[PDB]
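Only one chain comes next, encoded as structure tokens, the form deposited in one PDB entry.
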């Protein structure tokens, strides 16, 4: 049966919630003497709708805070449904919330039970009201293979936003970004960083003309329109852009494959450059320096790293193999 209740809210609605966004919100307990209780609301009921607000797809934290926020004395309309069987499963298997987020700020654990994260990490949040304590989300760190690694406590959206704001003071990125696994329907653009990135592109554009292509820098600016045409011909666009341009490309949902060619040493770059492009007059010391600064400050943007060996051009084979290996991977994308 499906039941509809109307009552005035006292100091509280006299309720305790279980479940969450994955399985629905559930009455885990009523209070013996309460307007809600007398209205017929009982343990095991799934709260389908409160006032006009949909409750079938709401995180438990949102549900708790919504019902809290309701004004003392005013009226409340609850649509509910008895689900003793579904509720039994939810309690016994202890499931409630389930969704994935991608972080966009650095966080150091504040308790031994907490998870630290860099920018760009993905988490499955499984409990948004961890231990019945507002503020803590229970999350499982998702690895490169998309399997679940370890679990632990991270801050909730609200505190995360606060922490992410104190950190900043171009990306419009929220502290947590809702993400889901998707397959690429297009050959996504390639950007290569590293002391021989310029050489990498030229060899890729040359030896593999039908798989790759270079997006031209017009009077320097590379615009989106040039990239779109390379995609529409079924090729990867090779992009000589900035870290910040990569960030903007991720936000705009183009999620480029980003390869970093990690140099072995300053003197190693010189030897590689002398072999691969003696014609170039670019400084190896400056290229190496920029490479270190880049890795130091923007490693969260990399999707793969290849460790250069200065006496060995096996990086090119590795690069082609890596670029494809990536394309075949699924991507965490916005909602």
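Between two forms, the rigid core is defined as the largest C-alpha subset superposing within 1.5 Å. Numbering follows the first chain given and starts at 1.
Below: the form deposited in another entry, not depicted.
Once you line up the core between this form and the one not shown, the Cα of residue 88 ends up 2 Å or more from where it was.
After superposing the rigid core, the C-alpha of residue 27 moves by less than 2 Å between this form and the one not shown. With the core superposed, residue 18 shows a C-alpha displacement below 2 Å between this form and the one not shown.
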